[PDB]
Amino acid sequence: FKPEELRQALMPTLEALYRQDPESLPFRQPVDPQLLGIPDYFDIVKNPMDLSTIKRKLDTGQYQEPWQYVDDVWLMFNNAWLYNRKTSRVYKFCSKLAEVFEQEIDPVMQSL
């Protein structure tokens, strides 16, 4: 993969996540434990991740191969499933994003 070429493969999968409204909204910026009133968040989630950080990394050439991008998308979902209760709104939003991602990322992975 070459840098332009990688963005063209991965960006549609990231746009598909941003397109989910309202489900993507809580993921469009880093979790802010003090704004939200969840000060234990960083005690549970060691390595935070969100759509704005993934987008910045993709735009600036920080991913060289699809697996590195996939790792950060996974990490964003895994953190939200770890911290939030299974019947909570944010957990269900996370699951919807993950279902979209599973579909959108598959053609990229099958091409490798």
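Superpose the two forms; the largest set of C-alphas matching within 1.5 Å is the rigid core. When you see a residue number, it is the position in the sequence shown, counting from 1.
request  = Kindly name the stretch, out of 44 to 52 and 30 to 38, whose CA atoms are displaced more from this form in 7 other deposited structures of this protein after the core superposition?
outcome  = So, of the two stretches, the farther one in 7 other deposited structures of this protein is 30 to 38.
task = Rigid core fitted first, then name the stretch among 63 to 71 and 76 to 84 whose C-alphas deviate most from the displayed form in 7 other deposited structures of this protein.
result = Higher root mean square deviation of C-alphas in 7 other deposited structures of this protein is shown by 63 to 71.
query = Which is higher on average in the deposited entry, the C-alpha temperature factors of 102 to 110 or of 1 to 9?
reply = It is 1 to 9.
message = When the Cα temperature factors in the entry are averaged, is it 39 to 47 or 70 to 78 that ends up higher?
response = Going by the record's values, the stretch with the higher mean is 39 to 47.
key: Ranked against its chain, the third holding the CA B-factor of residue 55   = Tercile = lowest for this residue's CA B-factor.
ask   = Compared with the other modelled residues in the chain, in which third is the CA B-factor of residue 30?
value = For residue 30, whose C-alpha B-factor we compare with every modelled residue in the chain, the answer is the lowest third.
task = Classify residue 24 as lowest, middle or highest third according to the C-alpha B-factor given in the PDB entry, relative to its own chain.
result = Answer is lowest: the recorded C-alpha B-factor places it there.
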